[PDB]
Amino acid sequence: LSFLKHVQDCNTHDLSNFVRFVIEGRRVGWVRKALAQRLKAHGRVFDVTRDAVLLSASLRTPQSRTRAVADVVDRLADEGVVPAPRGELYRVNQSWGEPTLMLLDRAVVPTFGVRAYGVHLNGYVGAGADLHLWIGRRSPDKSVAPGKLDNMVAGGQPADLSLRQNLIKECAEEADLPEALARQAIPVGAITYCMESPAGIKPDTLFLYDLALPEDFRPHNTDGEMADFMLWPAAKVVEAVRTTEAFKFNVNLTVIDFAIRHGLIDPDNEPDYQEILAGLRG
Amino acid sequence: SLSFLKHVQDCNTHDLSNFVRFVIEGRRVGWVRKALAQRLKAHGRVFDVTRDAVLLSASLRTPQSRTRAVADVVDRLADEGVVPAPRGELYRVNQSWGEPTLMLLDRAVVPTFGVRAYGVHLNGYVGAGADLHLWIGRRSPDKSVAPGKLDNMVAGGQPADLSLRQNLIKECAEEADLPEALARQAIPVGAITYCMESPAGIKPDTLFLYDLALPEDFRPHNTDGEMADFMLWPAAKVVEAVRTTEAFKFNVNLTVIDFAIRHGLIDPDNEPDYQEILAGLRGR
C-alpha cells in the first residue's frame, strides 16, 4: 500500500526516559537517565541535574571539551557502559553549518543523542520512464543492516571533511567510482529523521546526491563494505521499498525521496503523499 | 581510585525502572525496555503487552514455535532499525542454567530482551606459588566489544547447541590452538554471575570458570584471529593490573578476582571489602 510506515518507523522515538545534553546553553543531544547517573560520577566534565546533562563550564574550547569527554567515554566503554570508540570523529553542533562545539567518536554519537550527518548517492542510468538504479548489497560483516540493500554509495560524515570530499572518498572506497564522476554528482536536497535506536537516539540528516552514470560503468566493491551491486529498473526499487523490508532502514527514505523527485510517485494517487513529505523533513 | 570492588560494582549496576518483565509460560526470563515493549505490541499474535509485562503468546506451545515466531519479529524490528541485527549464533533462553530451554534467541538480541547469557572462561596458567604465571590474551582490534583489551587465554559465549565442556574444547582450539587432549584436562572451578545495564539493554550473565595447569612448553597461537596475541605474565602482575587499571575486558576483571580468591592471592585478613567483593561475584 503506502510508504508511510517506513517514514514513521524512522521517526519513532520516546524522549521520556532521556535528559537534554547541553553545551554553553545549547541543546546538542539526549542522554538516557541511567547513563546520566553514570556521567554524574565524572563531575569535572559533567554537571548533571534532574532535567539536564551540562558540560562543565571549565571546558570552554571545542578542543578541551573533545579531550575531556573522550577520556570519560574511554572509561565508560572500559566499564561496559557505552560502545567502544573506533576512531572516527563526528562534529557536535545544533545543525549543519552552525559552529562545531566539540568532536565525539561516531561509536557513541547515538549514546549522546547527538545529530549525525551522512551522504547518500543515487547512481543511475537512463531517463524518464526508463531509469535504472545501482543498488548495493551490504557486507555480512556490517554491524548495522548486514546483507541489506543500500544506495550505490552512502556513508557517515566525518568531522574533518566537507560533504563533497567525503562523497568523493566514499565513492572511491565503496564503489570504485572515479573522482571525475563523483564530482559530477549533484546535490538534490536532504532527509532528516529522529528515531530511537538500540543504543540511543538517532537525529540524523542525510545529504542526497544524484549521478547519471555512463552505460559502461560498473561499480566494484573496493573496500569490501558492499558484498555486491545490482542494476535494477527504478520501478522495481520503488515497489521493493513499498512491499518489502529488503532495504536498510534509512535507505527506504532515500528511495522514496528519489521517487518523488523523479516523478515515480504521483500526488494524484499516492497514498499519504503529504504526510510522507512532512516526515522526510523530520 | 580503581579497585577490585569498583569492578564488581560496575558489573552489577542496573536500573530496571524503565523495563518490563519478559515472561514465557509464567516464568520471567528477561527484561524489555518500555519503548521496545510498545514496538512489540504491534506483533499481537506473538506478544501480549501490558503495563507490567511482555508475555509470549500461550498459543506458541513448543520451544521450536517460540523460536521461529520471535526470530521473525526480531528480523523485522532489526530491518526497521529498532534492535540489533541477528548474526546467526543462537543462545538458549531459560530461567537458569539447569532449567529447560524455553526457546532460542539470536545472541545479538539477547541483551535487547534482557535474557540470561552464559559463557565459558579459561584460566591458563603455569608454575605454582611464587612462580605462578597466567597466559593473557589481547583481543583483536576488530572485536565489537572491548577491542584491544586484555582477556582470558580462552573465553567465549555459550551457544544453545553445545555443552559447556564442548564449547570450551572448541574455543580452546579456535582461539588459542590448544588441542582437545589438553582442553579436556581443564577443571571446572565455579561461576560468576552479574547483572548490568549495557548499551543495548540488560546483561544478567553467568561465566562458567575453568582452570588448566599448562605444560611449560605450551604456547598459545591465535588460530581464528579473535585474539591479536598472547602474553605470559606473573599472576601477581595480572591481579594488580585488574586492581588498578582498566586494561582487562570488563567482565574478565571478575574472573581475575575469582582466580585470586581461589588461589590464595588475596587474604581476608587484609584485603579491604573481602565479603562485599565475594557477594558481588554472585550478583543478581
# chains A, B, ... in the order shown; residues from 1 in each chain; ligands from 1
$ interface_residues --of "chain A" --to "chain B" --cutoff "9 Å" --atoms "only C-alpha atoms" --output "ChimeraX atom specification"
/A:6,9-10,13-14,17,34,75,77-84,86,111,140,143-146,148,195-200,245-250
$ select_by_dssp --residues "stretch 45-105 of chain A" --states "strand (DSSP E or B)" --output "PyMOL selection string"
chain A and resi 46-48+52-55+89-92+102-105
$ write_last_selection --atoms "N, CA and C atoms" --output "short mmCIF file (atom, residue, chain, number, x, y, z; two decimals), in the first residue's frame"
data_model
loop_
_atom_site.label_atom_id
_atom_site.label_comp_id
_atom_site.auth_asym_id
_atom_site.auth_seq_id
_atom_site.Cartn_x
_atom_site.Cartn_y
_atom_site.Cartn_z
N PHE A 46 31.07 16.57 33.62
CA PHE A 46 29.61 16.73 33.52
C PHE A 46 28.97 17.29 34.79
N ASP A 47 28.04 18.23 34.61
CA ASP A 47 27.14 18.69 35.67
C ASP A 47 25.77 18.12 35.36
N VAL A 48 25.28 17.24 36.23
CA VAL A 48 24.04 16.54 35.97
C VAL A 48 22.96 16.96 36.95
N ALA A 52 18.82 17.87 32.98
CA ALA A 52 19.90 18.13 32.03
C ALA A 52 21.23 17.52 32.39
N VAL A 53 21.98 17.17 31.35
CA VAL A 53 23.40 16.90 31.44
C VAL A 53 24.10 18.10 30.79
N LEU A 54 24.85 18.83 31.60
CA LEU A 54 25.54 20.03 31.16
C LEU A 54 27.03 19.74 31.13
N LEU A 55 27.69 20.08 30.03
CA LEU A 55 29.14 20.03 30.03
C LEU A 55 29.66 21.11 30.98
N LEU A 89 35.88 10.49 14.25
CA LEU A 89 35.22 11.61 14.98
C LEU A 89 34.13 12.30 14.18
N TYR A 90 33.03 12.62 14.87
CA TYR A 90 31.93 13.37 14.28
C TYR A 90 31.89 14.75 14.90
N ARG A 91 31.41 15.72 14.14
CA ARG A 91 31.21 17.07 14.69
C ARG A 91 29.95 17.12 15.56
N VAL A 92 30.01 17.90 16.63
CA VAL A 92 28.85 18.15 17.50
C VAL A 92 28.40 19.60 17.34
N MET A 102 32.33 20.72 19.67
CA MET A 102 33.30 19.70 20.08
C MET A 102 33.22 18.55 19.11
N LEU A 103 34.12 17.58 19.26
CA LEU A 103 34.08 16.36 18.48
C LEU A 103 33.79 15.16 19.38
N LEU A 104 33.13 14.16 18.82
CA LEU A 104 32.75 12.97 19.57
C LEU A 104 32.91 11.75 18.68
N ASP A 105 33.41 10.65 19.23
CA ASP A 105 33.60 9.44 18.43
C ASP A 105 32.24 8.91 17.93
#
$ atom_distance --atom1 "atom CA of residue A:177" --atom2 "atom CA of residue A:219"
6.5 Å
$ closest_residue --among "A:57, A:76, A:211, A:161" --to "residue A:35" --atoms "only C-alpha atoms"
A:76
$ atom_distance --atom1 "atom CA of residue A:2" --atom2 "atom CA of residue A:239"
10.2 Å
$ residues_around --residues "stretch 272-275 of chain B" --least-positions-apart "4" --cutoff "12 Å" --atoms "only C-alpha atoms" --output "list in words"
residues 3, 4, 5, 6, 8, 9, 243, 257, 258, 260, 261, 266, 267, 268, 279, 280, 281 and 282 of chain B
$ write_last_selection --atoms "C-alpha atoms" --output "PDB file, in the first residue's frame"
ATOM      1  CA  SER B   3      39.749  -1.188  42.932  1.00  0.00           C
ATOM      2  CA  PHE B   4      38.530  -4.783  42.895  1.00  0.00           C
ATOM      3  CA  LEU B   5      35.271  -3.627  44.445  1.00  0.00           C
ATOM      4  CA  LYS B   6      34.634  -0.897  41.847  1.00  0.00           C
ATOM      5  CA  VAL B   8      32.403  -5.729  40.805  1.00  0.00           C
ATOM      6  CA  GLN B   9      30.089  -2.739  41.358  1.00  0.00           C
ATOM      7  CA  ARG B 243      43.155  -3.805  40.880  1.00  0.00           C
ATOM      8  CA  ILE B 257      39.387 -11.513  41.163  1.00  0.00           C
ATOM      9  CA  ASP B 258      37.832 -15.001  41.448  1.00  0.00           C
ATOM     10  CA  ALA B 260      42.943 -14.530  43.105  1.00  0.00           C
ATOM     11  CA  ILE B 261      40.453 -15.668  45.787  1.00  0.00           C
ATOM     12  CA  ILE B 266      44.153 -12.210  48.317  1.00  0.00           C
ATOM     13  CA  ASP B 267      43.555 -12.868  52.033  1.00  0.00           C
ATOM     14  CA  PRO B 268      40.509 -11.959  54.173  1.00  0.00           C
ATOM     15  CA  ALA B 279      28.915 -11.183  47.391  1.00  0.00           C
ATOM     16  CA  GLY B 280      29.052  -9.241  44.169  1.00  0.00           C
ATOM     17  CA  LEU B 281      30.705 -12.122  42.246  1.00  0.00           C
ATOM     18  CA  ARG B 282      27.403 -13.993  42.755  1.00  0.00           C
TER      19      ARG B 282
END
